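Just so you know, the protein sequences line up as chains B and V, in that order. Okay, so the first sequence: first residue is 683 according to our numbering, each after it adds one. Okay, so the second sequence: first residue is 27 according to our numbering, each after it adds one. No residue lacks a Cβ here, since even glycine has one placed at the ideal position from N, Cα and C. Just below is one structure, and these are the notes that go with it.
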Amino acid sequence: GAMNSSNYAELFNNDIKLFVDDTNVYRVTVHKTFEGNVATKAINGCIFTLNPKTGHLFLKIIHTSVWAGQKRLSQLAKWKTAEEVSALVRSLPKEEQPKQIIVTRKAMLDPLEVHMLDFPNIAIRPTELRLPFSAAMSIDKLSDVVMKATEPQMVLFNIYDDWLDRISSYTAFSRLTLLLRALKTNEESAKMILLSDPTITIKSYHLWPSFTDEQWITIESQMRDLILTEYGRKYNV
Amino acid sequence: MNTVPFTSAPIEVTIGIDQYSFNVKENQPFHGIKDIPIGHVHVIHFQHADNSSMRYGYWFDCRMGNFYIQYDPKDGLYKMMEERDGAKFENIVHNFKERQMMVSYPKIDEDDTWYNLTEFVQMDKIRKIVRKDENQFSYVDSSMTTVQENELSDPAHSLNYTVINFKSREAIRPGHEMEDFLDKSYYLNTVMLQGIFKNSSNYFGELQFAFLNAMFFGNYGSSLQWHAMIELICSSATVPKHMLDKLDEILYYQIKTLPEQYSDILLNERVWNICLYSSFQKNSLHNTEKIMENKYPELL
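Laid out in structure tokens, this is it:
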């Protein structure tokens with residue numbers, strides 16, 4: 683059934699699984715018309731499909747052309763997400779297909795179940811975890827590939843860079859979710875913490891800076907402090 | 027007007043005949059039911075006074091043979107049987123009527139309730155849902171499961187209702203996933219009506235039979251099937267005008283007949299609220315919406 687704090691080690695076992703987050707699929711700016719009415723303008727979006735064990739990220743870019751002349755776009759966005767996850771599964775060799783797909787939003791369950799009827803042995807599950815994957819568009823290199831896209835495109839990344847050389851999946855997922863939670867809570871402060879020291883750069887083939895093990899411990903500390911600082915700011919606590 | 031004689035009534039029992047019911051005492055001189063209207067299916071049903079466990083009964087059509095009831099003290103139930111000797115049967119009935127040992131099917135001349143509940147129900151269609159080919163009549167009880175319930179155990183004793191599943195390859199054309207899930211018209215019109223039922227009359231017959239088994243036996247799988255067949259129509263944007271008008275009449279008489287005190291167990295809140303207020307057909311069921319709002323406004 684549902685994935686929670688109890689069954690958290692399950693994310694890092696040897697059963698292939700993917701998280702699917704549809705938050706950034708349908709993105710708009712709301713603006714005034716000449717007549718003083720309100721209208722939306724869509725911008726490019728993305729499906730965030732992640733293997734939490736390997737860090738493999740299937741970033742399906744959703745170009746604004748897929749909305750042209752469609753109605754009820756927030757509903758269509760869930761079905762388009764399900765269509766593209768189904769297409770990704772069918773594109774993978776059998777031995778690479780997931781055994782489980784976990785959706786971050788319960789509204790994705792029916793659309794994905796219906797698109798995956800051909801795969802009765804792939805479990806489609808919700809989660810009780812509040813995951814910060816909405817903040818993926820705060821990672822400069824992911825934001826850049828989404829906004830530059832002129833057509834539908836899939837881009838493959840490792841969201842853990844080379845971390846699994848030095849740490850476990852459990853710890854890499856912990857680091858990723860802390861970084862994304864900090865970027866979601868205070869994007870300016872989070873980026874200041876990550877890029878404050880010019881001597882530490884991002885490799886051309888990486889998303890995050892090249893921190894030594896001791897520097898990651900300091901960065902992780904500074905991210906936890908930011909989340910606590912912001913919690914005090916929000917609730918006057 | 028036809029007769030179902032009883033050999034005897036050795037155990038105290040509530041007897042139903044269609045929408046009517048009568049209490050019979052242990053060894054009361056009761057020899058059956060006369061003046062049963064020709065032209066309709068009927069149901070004769072039982073609930074034992076000493077064990078309200080198992081409601082059970084028999085669907086039959088007096089045009090298809092001479093039927094009687096006899097208690098079996100081994101199996102502990104009232105059994106339907108066919109008498110193949112016409113002259114023996116005629117002599118039995120004549121004697122019991124002459125001695126006034128039978129209750130009369132109590133039809134009011136103005137009253138079209140039973141026709142309105144059974145309009146599309148055919149004995150030959152019942153015998154395909156309830157498979158026991160050596161009898162012309164069909165046994166149903168409280169506990170019998172549906173083929174769909176047995177997928178999600180003894181298949182010979184099952185109710186073979188048409189399986190309806192909104193998240194099945196049958197319901198959803200590859201490439202029309204959103205379309206077919208949000209608008210069930212494909213599944214209703216091509217798969218069920220043209221494909222399996224052949225016509226709306228057969229679809230309504232199954233819907234009506236499922237309702238009657240839910241009401242008369244408290245059969246849970248029958249109640250699930252009744253709601254699934256209503257939801258499939260109400261969830262379809264494209265339904266023939268004659269089918270919507272007929273469904274409104276069918277549901278009106280079903281809601282009219284339901285005992286007020288069984289509404290909590292026989293009616294599914296989600297399905298009715300969805301059908302009356304959210305669905306494509308929310309404005310198409312005027313008579314059903316009015317009786318539901320006036321009789322069961324709590325459910326809504």
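Check                                                                                                                        : Outcome
Among V:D209, V:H183, V:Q162, V:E160, nearest to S169 of chain V - alpha-carbon criterion                                    : V:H183
Per DSSP, cross-strand counterpart(s) of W85 of chain V                                                                      : V:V69, V:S164
Beta strand (DSSP E) runs contained entirely in the segment 267-301 of chain V, provided each spans 3 or more residues       : none
Spatial neighbours of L838 of chain B in its chain, beta-carbon cut-off 8 Å, leaving aside the 5 residues before and after   : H738, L739, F740, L741
Cβ-based burial, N733 of chain B [other Cβ within 10 Å; buried from 16]                                                      : buried
Closer than 7 Å to chain B by CB, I118 of chain V                                                                            : no
Cβ distance (whole Å) where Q96 of chain V is taken to contact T33 of chain V below 8 Å                                      : 4 Å
Chain B within 7 Å of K193 of chain V, Cβ atoms only                                                                         : yes
Cβ-Cβ separation, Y187 of chain V to residue 351 of chain V (assumed contact under 8 Å), whole Å                             : No answer is possible for residue 351 of chain V: the residues shown for chain V start at 27 and end at 326.
Reduced DSSP secondary structure (H/G/I, E/B, other) of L770 of chain B                                                      : helix
Assigned exposure category for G58 of chain V - 16 Cβ within 10 Å defines buried                                             : buried
Helix, strand or coil at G727 of chain B according to DSSP, with G and I counted as helix                                    : strand
Short Cβ contact (7 Å threshold) for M90 of chain V with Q162 of chain V                                                     : yes
Interface flag, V796 of chain B vs chain V, CB-CB below 7 Å                                                                  : yes
Residue range of the beta strand (DSSP E) that includes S47 of chain V                                                       : 46-50
Any chain D beta carbon closer than 7 Å to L755 of chain B                                                                   : Going by chain labels, chain D is absent from the structure shown, which instead holds the protein chains B and V.
Where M80 of chain V falls: helix, strand or coil (DSSP)                                                                     : coil
Any 3 or more C-beta pairs closer than 8 Å across the segment 250-264 of chain V and the segment 296-307 of chain V          : yes
Status (buried if at least 16 other CB within 10 Å, exposed otherwise) for residue 644 of chain B                            : For chain B, the structure presents residues 683 to 919; residue 644 of chain B sits outside this window and is missing.
From B:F893, B:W761, B:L862, B:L794, residue whose alpha carbon lies closest to that of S820 of chain B                      : B:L862
Classification of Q73 of chain V by the beta-carbon crowding that lies within 10 angstroms, buried from 16 upward            : buried
Listed by chain order, chain B residues near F207 of chain V by CB distance under 9 Å                                        : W761, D792, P793, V796
Own chain partners of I317 of chain V with C-beta closer than 7 Å, once the 5 adjacent residues on each side are dropped     : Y278, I281, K282
3 or more residues per run - each beta strand (DSSP E) lying fully within the segment 691-762 of chain B                     : 699-703, 709-714, 720-725, 727-732, 738-744
Three-state secondary structure assigned by DSSP to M106 of chain V                                                          : strand
Among V:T40, V:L208, V:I62, the one whose alpha carbon lies nearest that of residue 925 of chain B                           : What the structure shows of chain B is the stretch from 683 to 919, and residue 925 of chain B is not part of that stretch, so it cannot be assessed.
Cβ shell of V748 of chain B (< 8 Å), same chain only, five flanking positions each side left out                             : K762, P834
Length of the line joining the Cα atoms of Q779 of chain B and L178 of chain V                                               : 26 Å
Closer than 7 Å to chain B by CB, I198 of chain V                                                                            : yes
Where the beta strand (DSSP E) containing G58 of chain V begins and where it ends                                            : 58-62
Beta-carbon proximity list for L858 of chain B, same chain, < 7 Å, skipping 5 on both sides                                  : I841, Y842
Counted within 10 angstroms of its Cβ, other Cβ atoms place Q220 of chain V as buried (16 or more) or exposed                : exposed
Limits of the beta strand (DSSP E) - the one that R195 of chain V falls within                                               : Run containing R195 of chain V: none; DSSP gives neither H nor E here.
The beta strand (DSSP E) enclosing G42 of chain V, as first and last residue numbers                                         : 39-43
Stretch-stretch touch, CB-based, cutoff 8 Å, three pairs: the segment 210-219 of chain V with the segment 133-152 of chain V : no
Of the residues B:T883, B:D792, B:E870, B:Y852, the one placed nearest residue 328 of chain V, counting alpha carbons only   : Limits of chain V in this structure are 27 at one end and 326 at the other, which puts residue 328 of chain V out of reach.
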